[PDB]
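As structure tokens, the structure follows; a few thoughts come after it.
Naming convention: chains lettered A, B, ... in sequence-line order (proteins, then strands); numbering from 1 in each chain. Only heavy atoms go into these numbers, but all of them, side chains included; no hydrogens, no water, no symmetry mates.
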Amino acid sequence: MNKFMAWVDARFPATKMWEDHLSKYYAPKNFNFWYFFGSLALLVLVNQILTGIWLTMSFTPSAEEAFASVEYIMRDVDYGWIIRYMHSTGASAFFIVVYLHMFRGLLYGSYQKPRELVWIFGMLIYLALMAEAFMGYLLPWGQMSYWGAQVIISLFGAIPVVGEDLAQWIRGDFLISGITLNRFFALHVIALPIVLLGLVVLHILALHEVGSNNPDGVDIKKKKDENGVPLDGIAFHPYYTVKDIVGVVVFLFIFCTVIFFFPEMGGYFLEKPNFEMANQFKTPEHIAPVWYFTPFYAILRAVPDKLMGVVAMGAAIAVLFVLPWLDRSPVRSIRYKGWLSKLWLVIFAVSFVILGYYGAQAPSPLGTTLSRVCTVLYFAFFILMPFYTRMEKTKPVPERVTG
Amino acid sequence: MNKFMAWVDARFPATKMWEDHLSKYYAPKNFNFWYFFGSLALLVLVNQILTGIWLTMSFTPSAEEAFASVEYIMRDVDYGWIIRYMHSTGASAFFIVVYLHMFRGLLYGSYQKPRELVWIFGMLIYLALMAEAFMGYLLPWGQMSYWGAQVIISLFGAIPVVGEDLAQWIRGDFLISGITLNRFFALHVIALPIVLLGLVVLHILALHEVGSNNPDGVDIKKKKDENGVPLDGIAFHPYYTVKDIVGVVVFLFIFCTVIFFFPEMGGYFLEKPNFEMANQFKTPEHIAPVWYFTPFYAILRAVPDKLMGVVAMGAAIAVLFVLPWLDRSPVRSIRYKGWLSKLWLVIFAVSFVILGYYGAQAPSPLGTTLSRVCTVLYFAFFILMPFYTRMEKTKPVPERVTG
Amino acid sequence: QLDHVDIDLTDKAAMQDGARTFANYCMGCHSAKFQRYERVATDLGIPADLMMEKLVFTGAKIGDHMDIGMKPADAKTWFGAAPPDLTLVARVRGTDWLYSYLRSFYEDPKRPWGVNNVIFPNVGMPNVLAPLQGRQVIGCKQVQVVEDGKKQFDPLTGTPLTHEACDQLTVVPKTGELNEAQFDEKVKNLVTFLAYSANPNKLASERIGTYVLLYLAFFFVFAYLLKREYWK
Amino acid sequence: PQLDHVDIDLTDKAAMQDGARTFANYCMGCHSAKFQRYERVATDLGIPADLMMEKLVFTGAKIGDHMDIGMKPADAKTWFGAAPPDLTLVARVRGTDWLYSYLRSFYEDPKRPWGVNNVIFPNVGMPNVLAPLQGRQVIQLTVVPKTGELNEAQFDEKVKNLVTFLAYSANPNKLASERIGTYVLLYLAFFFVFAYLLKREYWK
Amino acid sequence: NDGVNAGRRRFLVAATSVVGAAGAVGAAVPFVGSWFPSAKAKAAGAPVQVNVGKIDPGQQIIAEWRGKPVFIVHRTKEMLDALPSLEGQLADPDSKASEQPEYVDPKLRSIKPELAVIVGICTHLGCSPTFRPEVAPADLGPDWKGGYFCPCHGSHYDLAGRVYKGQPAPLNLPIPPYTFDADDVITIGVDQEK
Amino acid sequence: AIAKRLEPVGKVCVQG
Ligand SMILES: COC1=C(OC)C(=O)C(C/C=C(\C)CC/C=C(\C)CC/C=C(\C)CC/C=C(\C)CC/C=C(\C)CC/C=C(\C)CC/C=C(/C)CC/C=C(\C)CC/C=C(\C)CCC=C(C)C)=C(C)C1=O
Ligand SMILES: COC1=C(OC)C(=O)C(C/C=C(\C)CC/C=C(\C)CC/C=C(\C)CC/C=C(\C)CC/C=C(\C)CC/C=C(\C)CC/C=C(/C)CC/C=C(\C)CC/C=C(\C)CCC=C(C)C)=C(C)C1=O
Ligand SMILES: COC[C@@H](CCO[C@H]1CC[C@@]2(C)C(=CC[C@H]3[C@@H]4C[C@@H]5O[C@]6(CC[C@@H](C)CO6)[C@@H](C)[C@@H]5[C@@]4(C)CC[C@@H]32)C1)CO[C@@H]1O[C@H](CO)[C@@H](O[C@H]2O[C@H](CO)[C@@H](O)[C@H](O)[C@H]2O)[C@H](O)[C@H]1O
Ligand code: HEC
Ligand code: HEC
Ligand code: HEM
Ligand code: HEM
Ligand code: HEM
Ligand code: HEM
Ligand code: FES
């Protein structure tokens, strides 16, 4: 209603926010498949929050009842199995969407100036997401849950001096137990969700401060019409809202297909050994991380030394933080970067996929050799970026976006 | 740093937000004792979130282990007793501070135009706080917890048709059980905390959009200096930040005194019968609500009809929502309202306190009579406001804040 | 090498036979404690009174979990390994693994219980289905001849062309109630019941997902039209 | 009913040790103290761990175990008509004065199932388990002469020590709570001085 | 953009909104449905056999039936004579609107007068009332003659479970379906033979 | 049909 909105606008900047962030907010008109994933990440975050709240209504964060409570959700709670599969598939889809989101950032140089803070907030979001997923995977209290948590927290025992004390303090016990379960449940259910929501708010605020990149890397703000609207810019609402609605429907089709027909996804979304209750005294023949942690695992497994392996795994994630300063390309989009940048992006994607693929299996000779090679290539994609972004010859960026 | 802040400001609205909300945001300079309580409510909310996160690391939301897990926090967890006392005394202090905040609003007409949205968001916050505190009080699973949950959930049973089905659906069971405990734990620990954070953000945003009232009720925006700064306005930072720091320290002194010397507060912060495990078959001989819920309970006890009593409590809470339109006074502050307004505000305060006091003890003849009289007076304070705010003669409002 | 089994979760009779086998030969040591008798009866189409009389031996109620008297610690002490809860074993190991495991027990005097398993070497489980299968040993028997996948059947009779092999599981004749096919069907019904127990929402999941996908295709049509239109 | 005031001293290690002995011998038969551990009771009462295990742990439990008992609540509720509640928090549920008056208010009442009634807790389901010590108390309450091991003063001291141990059990953090709160309040006054001075300086 | 086709845009927006709302309702179905009583809740309860021969005069015992407390009170004569004297202060003296077995006395609300079996849950907001058999307590007033006093909001019932007039409780305390297996043993949960 | 399918394995021979 007009009168109601006039009353609200005098007392709340509802129309001002709507016209500043969604309507009258002009994003580049050449967004493609790769720009669906921010809104899909928001959708998956909302899905995780809702389904997690509902799982918490029935979950018991104790080592004696966590697994039994999960089965109670799966069997006794009306549609509880649906909610649980939504949550597990949503964690896996969160990581799928976020990895494609980050790879969009890599493809189009969207981390470069002025979006360095956008990229840093996104990386903080990624760190929070990794912590959240790791702490959630302990909650089912299956064999994989318990033993993956055991190994991941023993990593903190690799710190030369305070490692063992720090690991014990994190666990809350002399081993992984119900104390660790309840602690990780509290962190996973409130603390990290709050941190993630705040980080997403900061991320979107920074983006809207500096504006979106586009596949061509063209700074659309340079060319504006007589009204001040960029020539290659269109209002986010309604055009990209409807585009994102279509993308959300497609994502939901895939998501529900997985939920209702292949919730385990061949044992990757729900690992088979995790359907066995945690046993402190019998460890699985081969313990592997959830797929979305597998690449870094491979890196850690590629280093013969334990402390250096932990350091390399940490740096594998930390180097993405400094990525905005490693890229010295005069252009943003890979479309106009030199052959070296395209080759190294291909190498990085292939190495990441291979590291994930070989970190999901028991060690093998070829697996170990390729994991070490891919660790080298993964770190070289970043370490050599400041050089091969300068050696290459870049194409001239068009004044107007293509399409 | 200057260079660092220049870098941030080109990528984030850091300095602009700081100078729009805290610095260069000119609040009336005549804030008194009654204006400490918004910042104190913020502090108590932060304390509740932090202490509740730490309690959730050791709490077991099951009927078998909730009470035992609370005692585990009190006895086995290092400093867990401190955190639990911070949490319980913080709930009590949250309601103390919020009631004083609402009473400031009543005194100085801070609900009046243009702050109707501020008041409505505050009332939504208060409803969320009532629900949050009730669901938290169910969590210890003491006798008080169980029987209060039973009574309050059966309140929904009062609805003539869908009442019993709605109460059963809210319970998740045919009686208050571990299902209800776990469900309310989920709502209390995530859902309502998220809702409360959002509502607090909306509340503060509305306040900053319309500006803050002052004890004199003088619209300081009418008179401005050549720089556009109100004559009676002072930057919120640093003056009111330091004033709120002093208020926070005084509040912390009282808070810690209660925590470390009187955590029970004579059984009004931690109720004595709640130290007994919940018994489905033994209702305590003195089954009374927490103090901050007593005034409404009294109202419900005053009405001799079940549905009418439930509706009376609901309306006792809901009338404060429409308060911004009940007050037809030409002046905001009670300092310049007529004798009728002052008398009726005194009557409302006395009636609220008397309802809370008699709602805190078992039914008595004088108690019942005074509860009924104070219920009538509480409702008349609102129903008669549109009349006695016009009958009364108001003193002229000064053009400048007095002090 | 596992043997494939085609498990029909819509077969109520097979699931009923599997539930009977589990309740008689398996619940002595193995619990199904994440699964209630009431839900098992409802999903298998067993009347509640019939479920009470025929499958509940522990004095539990219909709504009670399929708990057993054998404690995990006691059984770990007795057998050397705790018999795991079997509600989710179909998901933990898969149906093919279970089918091959329950048919791969063979006499092995070197072992604590006189038997070993091809699928689960040195397993701590006694061969509790020996009365049905009969004595199974690692001996010589006729196996179909295969040459680089060239599998020979009899063109006329359609039966395999076989040669002798001396490292094969052979059931000693006239040692068990059931022949090879009958024991195969018994194990198939048992594994079908275990597959149901691990994933009792499978059929309802498929139905609900079909409806969800139909709705999502409809909604996609509308959203795609609202997008392509409004992008002109 | 009218209660008798008792001054409970939670710093009296000897009194709390005597109360713990009385609780372990006369009260843990039917009542659990399952929310506290033998180890913590020993530490707070100054009892060596070996001495605690030898003298107060009768159930075969470890020092770090909760003070559980064999009598299950359901069986006890059937037998006595009411379940003997866990007494770890009874000093907070009832207060030390109520406990002191209750444990001394048992008198002989043949009409009752256990032959006793209580002034503080009429028609209570507790048998008078301290009758050997107090003696035969009959109705105003009077103890029949030469019927108990202890006189009125000695039994009052015994009940006072027991109630002191119960008060400690309900609130094992009270002494540490006061010690920490003293320093917290001192620091908060110190910080208040600085905050007030800063506010005064800025508001000039 | 050249001549946007309105109506088509309006129709598509409306249709997409309606279909999305239907999908939102469907996606809410799991969350709303999971709040109904689960299989854990639906365990139900079996009849409970209670020996009532040991109840002393003017005393009551609590029987756990289907998760609820049942007051089984051995009623002495004096309170039985007092009960008819209270019909003027009871909302439903004849139990016309309350829930009780068809075979119990409309006024005494029990199979036999000397024993009363009452579902001990207050009919207003549902708690077990406190048993107050005393005649004239100071707190309960001089007109009291024994009965039940709800400790939440002071609902008053007589010893037959009948609520007083103008209490928060609108109905008499429910009488469970029970029989007398023997002269001193009852069973709660099974109806009595006709 | 179901009852025959569900017959317990153990058969006990009883007097009379
Ligand atoms: C086989 O195996 C393997 C796998 O697995 C199967 C793997 O996957 C992997 C691969 C692994 C991965 C890549 C996964 C990675 C996953 C992770 C990153 C998970 C890591 C998660 C953890 C281990 C958690 C660790 C958490 C830590 C260390 C942080 C701890 C933080 C705390 C405890 C917070 C401390 C609390 C505080 C500070 C309290 C708050 C303080 C206050 C003062 C509150 C405020 C108080 C007041 C206001 C009062 C005082 C008042 C004041 C200040 C006065 C003035 C007043 C004012 C208010 C102004 C590997 C290698 C592996 O091999
Ligand atoms: C003595 O005793 C007494 C005391 O005690 C001791 C007392 O104190 C009192 C005094 C009493 C008081 C004063 C206490 C008062 C306290 C209270 C008021 C507390 C009351 C609390 C409760 C009982 C809780 C009640 C809760 C209720 C009824 C609300 C329930 C809400 C839910 C379950 C949430 C509903 C779930 C939904 C809808 C899920 C969300 C749905 C979605 C669709 C999510 C989104 C899904 C998708 C995106 C997928 C579909 C995709 C779409 C839409 C397509 C398009 C794509 C896009 C995304 C755009 C008395 C009288 C007393 O005498
Ligand atoms: C039956 O009246 C009760 C009192 C007088 C009753 O005063 C009234 C005082 C006012 C008040 C609080 C009352 C009702 C509705 C209340 C309103 C609803 C609306 O809601 C709001 C919000 C919602 C909006 C939609 C509308 O507006 C309001 C603005 C409105 C409102 C909240 C304002 C205030 C109203 C009670 C007289 O009590 C007698 O005394 C005994 C009572 O128990 C009974 O005696 C029997 O039972 C005893 C057991 O104890 C035995 O002693 C005896 O032996 C045995 O005979 C006897 O039957 C009974 O009459
Ligand atoms: C129906 C006759 C039965 C089926 C089907 C299964 N069991 Fe058992 N079982 C027993 C023990 C002591 C073990 C542990 C052995 C070890 O860990 O080495 C087992 C193990 C299994 C397994 C393996 C599950 C896994 O994840 O590895 C399966 C699939 C299994 N059992 C199925 C003991 C007993 C027992 C006591 C005499 C009985 C009666 C049964 N098992 C019956 C069955
Ligand atoms: C079995 C013979 C008992 C022994 C030995 C002791 N107590 Fe007991 N107690 C017992 C029962 C069956 C009950 C319930 C009575 C009822 O009608 O509800 C109790 C109760 C208490 C209480 C009351 C606590 C409360 O109501 O909240 C207290 C304070 C108590 N008992 C203390 C107590 C002490 C100090 C004992 C050793 C001296 C002791 N009990 C022994 C049964 C038995
Ligand atoms: C980024 C957001 C989140 C992610 C990525 C995430 C991830 C996960 C994962 C991977 C699991 C393991 C599930 C399994 O394999 O069985 C899990 C479990 C769980 N999560 Fe989270 N989660 C998120 C948010 C939340 C929130 C906000 C809550 C509650 C408010 C929550 C509650 C739970 C509960 C109760 C479980 C245990 C039940 C179960 O395992 O399904 N989660 N989570
Ligand atoms: C996990 C939850 C996340 C959410 C909800 C989220 C949300 C969004 C949204 C809605 C957008 C705008 C639309 C789009 O560009 O897709 C966006 C842009 C962006 N995001 Fe994310 N994001 C998340 C995580 C991340 C991560 C992990 C990174 C990188 C490490 C990242 C980096 C970026 C960048 C650089 C942009 C702007 C790039 C451009 O304009 O092309 N985000 N984010
Ligand atoms: C419970 C958490 C709450 C928080 C954290 C909060 C926060 C604040 C803050 C910081 C202020 C400005 C400083 C001050 O006035 O002290 C404020 C003002 C105000 N609050 Fe709230 N508030 C809360 C609840 C409420 C409630 C329950 C109400 C009313 C029902 C309310 C109504 C108002 C009004 C009317 C003002 C403007 C006062 C004026 O301008 O004079 N708030 N609030
Ligand atoms: C406005 C915010 C909140 C209020 C007013 C509040 C209030 C309460 C109250 C009154 C209790 C009963 C405590 C007792 O009587 O012992 C309680 C219990 C509890 N609360 Fe909350 N709460 C809030 C937020 C939270 C949050 C955000 C969490 C978790 C992140 C949380 C976790 C818990 C837990 C675990 C308990 C049970 C343990 C205990 O009783 O100490 N609370 N809450
Ligand atoms: S709860 Fe019984 S009178 Fe209100």
Side-chain angles (χ1 to χ4, degrees), chain B residues 67-68 70-76 81 84-85 88 140 142-144 260-277 279 284-286, chain D residues 1 3-28 30-38 40-45 56 66-69 83-106 118 120-121 124 126 129-130 156-178:
Chain B
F67 193 99
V70 167
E71 290 316 305
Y72 163 75
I73 286 157
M74 296 309 308
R75 295 149 186 279
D76 295 336
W81 59 277
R84 202 248 172 151
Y85 285 150
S88 42
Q143 277 285 63
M144 296 317 316
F260 296 105
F261 295 90
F262 320 98
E264 297 185 86
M265 287 283 327
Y268 285 105
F269 283 25
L270 291 167
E271 296 191 80
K272 286 177 73 169
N274 207 63
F275 286 113
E276 245 193 329
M277 291 204 41
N279 193 342
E285 302 189 321
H286 319 122
Chain D
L3 307 176
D4 300 322
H5 185 70
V6 62
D7 314 307
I8 301 286
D9 180 14
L10 285 318
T11 72
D12 198 355
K13 299 297 192 73
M16 279 190 294
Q17 286 161 12
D18 179 57
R21 184 246 197 188
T22 303
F23 184 83
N25 285 276
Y26 293 89
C27 307
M28 285 202 71
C30 313
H31 296 272
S32 44
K34 66 195 180 183
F35 302 120
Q36 66 181 349
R37 288 165 193 284
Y38 291 108
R40 173 137 191 199
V41 171
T43 289
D44 297 350
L45 269 52
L56 296 173
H66 289 297
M67 320 212 327
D68 299 305
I69 61 155
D86 192 80
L87 295 185
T88 317
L89 299 161
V90 75
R92 271 180 141 152
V93 170
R94 301 289 202 161
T96 54
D97 282 0
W98 188 98
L99 288 166
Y100 184 75
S101 319
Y102 163 76
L103 296 168
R104 300 187 324 129
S105 274
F106 279 107
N118 198 290
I120 305 315
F121 196 160
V124 71
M126 209 178 114
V129 304
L130 294 172
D156 284 10
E157 210 257 340
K158 188 124 289 189
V159 175
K160 172 173 171 172
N161 297 349
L162 171 56
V163 172
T164 302
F165 171 75
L166 289 177
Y168 150 79
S169 313
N171 197 358
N173 305 292
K174 196 193 181 75
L175 290 211
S177 185
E178 264 80 80

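- Residues passing the salt bridge (charged side-chain N to carboxylate O under 4.0 Å, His left out) test with B:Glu276, sequence neighbours excluded: none.
- The salt bridge (charged side-chain N to carboxylate O under 4.0 Å, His left out) check on D:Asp4 picks up D:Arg104, with sequence neighbours excluded.
- A donor-acceptor pair is defined here as one N or O able to donate and one able to accept, closer than 3.5 Å; such a pair exists between the side chain of D:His31 and the backbone of D:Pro85.
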Task: D:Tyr168/D:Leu175 under side-chain contact (heavy atoms from CB on, under 4.5 Å): CA gap, chis, key distance, verdict - done: CA-CA 9 Å; D:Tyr168 150 79; D:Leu175 290 211; over 6 Å; no

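- The neighbour count for D:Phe121 CZ, taken as heavy atoms of other residues, nucleotides or ligands under 6.0 Å away, is above 12.
- Closest heavy-atom contact between D:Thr96 and D:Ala167: CG2-CB, 3.5 Å.
- Remark: D:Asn25 CG to D:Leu162 CG distance equals 11.0 Å, nearest 0.5 Å.
- Closest approach of D:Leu99 and D:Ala91 over heavy atoms only: CD1-CA, 3.6 Å.
- Looking only at distances, no side-chain donor or acceptor of B:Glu264 sits under 3.5 Å from a matching main-chain atom of B:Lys272.
- Between B:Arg84 and B:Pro140 there is a side-chain heavy-atom pair separated by less than 4.5 Å.
- Summarising the geometry, atom CD1 belonging to D:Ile69 is positioned 5.0 Å from atom OG belonging to D:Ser32; distances are rounded to the nearest 0.5 Å.
- With a 4.5 Å cut-off on side-chain heavy atoms, B:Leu270 and B:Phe275 count as touching.
- Here the NZ-CZ distance, from D:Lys174 to B:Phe260, works out to 14.0 Å after rounding to the nearest 0.5 Å.
- Partners of B:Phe67 by ring pair (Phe, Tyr, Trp, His ring centres under 6.0 Å), not counting sequence neighbours, listed by chain and number: D:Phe35.
- Only one option out of B:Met277, B:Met74, B:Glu71 pairs with D:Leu89 in a side-chain contact (heavy atoms from CB on, under 4.5 Å); it is B:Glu71.
- Shown here for B:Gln143 and B:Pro273, the closest heavy-atom pair between the two residues is CB-O, 3.4 Å.
- Remark: the backbone N or O of D:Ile8 is not paired with any side-chain donor or acceptor of D:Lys160 at under 3.5 angstrom.
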Open item on the list: Determine whether D:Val159 and D:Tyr100 satisfy the following criterion, side-chain contact (heavy atoms from CB on, under 4.5 Å), listing intermediate values before the conclusion.
Closed with: CA-CA 6 Å; D:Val159 175; D:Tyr100 184 75; 3.8 Å; yes

Show me the donor-acceptor pairs, under 3.5 Å and distance only, between side chains in residues 14-24 of chain D and residues at least two apart or in other chains.
{"residue": "D:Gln17", "atom": "NE2", "partner": "D:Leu45", "partner atom": "O", "Å": "2.6"}
{"residue": "D:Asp18", "atom": "OD2", "partner": "D:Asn161", "partner atom": "ND2", "Å": "2.6"}
{"residue": "D:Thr22", "atom": "OG1", "partner": "D:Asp18", "partner atom": "O", "Å": "3.1"}

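- Evaluation of the salt bridge (charged side-chain N to carboxylate O under 4.0 Å, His left out) rule for B:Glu271 yields no partner, not counting sequence neighbours.
- A donor-acceptor contact shorter than 3.5 Å links the side chain of D:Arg40 to the backbone of B:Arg75.
- When side chains are defined from C-beta on, D:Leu3 counts as touching D:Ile120, because their heavy atoms get closer than 4.5 Å.
- If you take SG on D:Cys27 and CG on D:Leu130, they are separated by 6.0 Å, rounding to the nearest 0.5 Å.
- Taking every heavy atom of both residues into account, D:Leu166 and D:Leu87 meet most closely at CD2-O, 3.7 Å.
- Applying the 6.0 Å contact sphere to CD of D:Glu178 captures more than 12 heavy atoms from other residues, nucleotides or ligands.
- With sequence neighbours left out, the side-chain contact (heavy atoms from CB on, under 4.5 Å) criterion links D:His66 to B:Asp76, D:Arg37, D:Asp68.
- Using the six-membered ring where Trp is involved, B:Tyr85 and B:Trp81 have ring planes that are perpendicular, over 60° apart on the 30 and 60° scheme.
- The two residues D:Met126 and D:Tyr102 come nearest to each other via the heavy atoms SD-OH, 3.0 Å.
- The backbone N or O of D:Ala33 lies less than 3.5 Å from a partner atom in the side chain of D:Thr88, making a donor-acceptor pair.
- The CG atom of D:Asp156 lies 12.5 Å from the NZ atom of D:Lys158; values are rounded to the nearest 0.5 Å.
- The two residues D:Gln36 and D:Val41 have their closest heavy-atom pair at OE1-CG2, 3.3 Å.
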